Amino acid sequence: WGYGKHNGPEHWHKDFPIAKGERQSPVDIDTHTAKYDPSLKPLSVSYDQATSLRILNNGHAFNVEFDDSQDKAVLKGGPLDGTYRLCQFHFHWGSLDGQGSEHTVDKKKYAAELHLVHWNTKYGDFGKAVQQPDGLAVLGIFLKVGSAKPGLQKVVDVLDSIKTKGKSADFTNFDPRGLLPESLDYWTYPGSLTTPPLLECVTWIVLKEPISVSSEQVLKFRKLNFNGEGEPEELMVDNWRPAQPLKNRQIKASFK
Ligand SMILES: [Zn+2]
């Protein structure tokens with residue numbers, strides 16, 4: 008599977024038939040049909056103790072991986088009834104600034120989208136968690152182009168070293184607090200992973216406020232490769248799945 012004409016999102020259902028299921032992600036957030044829920048609690052993001060390990064080009068994005076052996080980087084509160092440990096974060100982006108996000112807002116696309124991926128500590132480990140409808144919580148954050156995000160620069164600065172599929176670099180001492188906007192206002196709905204295996208295991212929490220990144224910062228994403236070293240160059244752009252049908256799920260918001 009991939010993001011090409013012959014292996015892209017419109018093909019995934021042939022190997023992963025849940026691609027046409029009832030709680031697929033991403034979705035468009037229609038701000039008129041999304042429901043303000045005053046009962047929605049503030050989100051608790053506790054990343055003070057977050058321990059980054061490595062950054063790697065897995066052939067469809069880059070992932071920063073964390074030590075999730077303890078409650079060092081946990082998401083709780085908001086719509087969640089449990090505690091969720093950060094395993095990895097990655098982004099999706101476009102071939103130009105006008106597209107790249109997975110979620111949309113009133114069908115508007117952003118230049119990129121950051122996903123911080125967390126698993127439910129009821130379930131022992133990540134691989135057990137994804138078998139459960141409440142196994143993961145993904146915090147999604149839109150990227151728009153403007154001022155530079157200082158907290159992203161260490162990520163931008165290492166990407167030249169992981170250009171091709173299978174490359175990795177040590178990536179210690181990275182603090183993901185540097186990737187958060189000021190507000191934790193959010194939309195939330197039940198959904199899925201946005202890549203195969205497309206499991207319907209995710210509580211999605213999508214922040215209202217985008218982070219601003221510079222032109223130069225998002226451009227660096229577009230120099231990565233889907234291919235391995237020595238193989239014909241396939242630039243890693245447009246690694247986003249389009250919005251999928253909401254199918255009567257309720258998107259709730261912490262604001263009107
Ligand atoms: Zn993602």
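Its first residue numbered 8, the sequence shown is counted upward by one per residue in the working numbering. The beta-carbon is built from N, C-alpha and C at its ideal position, and this holds for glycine as well.
| Query | Result |
| --- | --- |
| Is the segment 82–101 in contact with the segment 65–73, if contact means three or more CB pairs nearer than 8 Å? | yes |
| Taking DSSP as the reference, what is the three-state secondary structure of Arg256? | coil |
| To the nearest angstrom, report how far apart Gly101 and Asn127 are at their CA atoms. | 30 Å |
| Can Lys156 and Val220 be called in contact, C-beta distance under 8 Å? | yes |
| What's the C-alpha gap between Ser46 and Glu240? | 50 Å |
| Since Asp75 is in the beta strand (DSSP E), which residue starts that stretch and which ends it? | Neither: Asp75 is in no beta strand (DSSP E) and is coded neither H nor E. |
| When burial is assigned at 16 or more other CB atoms within 10 Å of the CB, is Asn14 buried or exposed? | exposed |
| Please list, following the chain, all residues that have a C-beta closer than 6 Å to any non-hydrogen atom of ligand 1. | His97, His99, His122 and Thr201 |
| Look at the alpha carbon of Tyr117 and the alpha carbon of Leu206, and state the distance between them as a whole number of angstroms. | 24 Å |
| For the 8 Å Cβ check, are there 3 or more pairs between the segment 28–40 and the segment 250–259? | yes |
| Is the beta carbon of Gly107 less than 8 Å from the beta carbon of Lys172? | no |
| When every heavy atom of ligand 3 is checked, does at least one fall within less than 7 Å of the C-beta of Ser154? | The ligand content of the structure shown is limited to ligand 1, which means ligand 3 is not among them. |
| Can you give me the C-alpha to C-alpha distance between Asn180 and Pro204, rounded to a whole angstrom? | 31 Å |
| Leaving aside the five residues before and after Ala176 along the sequence, list all residues of the same chain whose C-beta is less than 6 Å from its C-beta, in chain order. | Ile62, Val165, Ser168 and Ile169 |
| With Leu226 as the anchor, note down where its alpha helix (DSSP H) starts and where it stops. | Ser222 to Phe228 |
| Counting only the same chain and skipping the five closest in sequence on each side, list residues whose C-beta sits under 7 Å from that of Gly142. | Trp126, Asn127, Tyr130, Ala136 and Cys208 |
| Do you know how far the Cα of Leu191 is from the Cα of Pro86? | 12 Å |
| For my contact list, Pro188 and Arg30 are in at a C-beta cut-off of 8 Å; report their separation, rounded to the angstrom. | About 26 Å; that fails the 8 Å criterion. |
| By DSSP, does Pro24 sit in helix, in strand, or in coil? | helix |
| Per DSSP, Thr210 forms a beta bridge with which residues? | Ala144 and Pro197 |
| Could you have a look at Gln160 and say whether DSSP puts it in helix, strand or coil? | helix |
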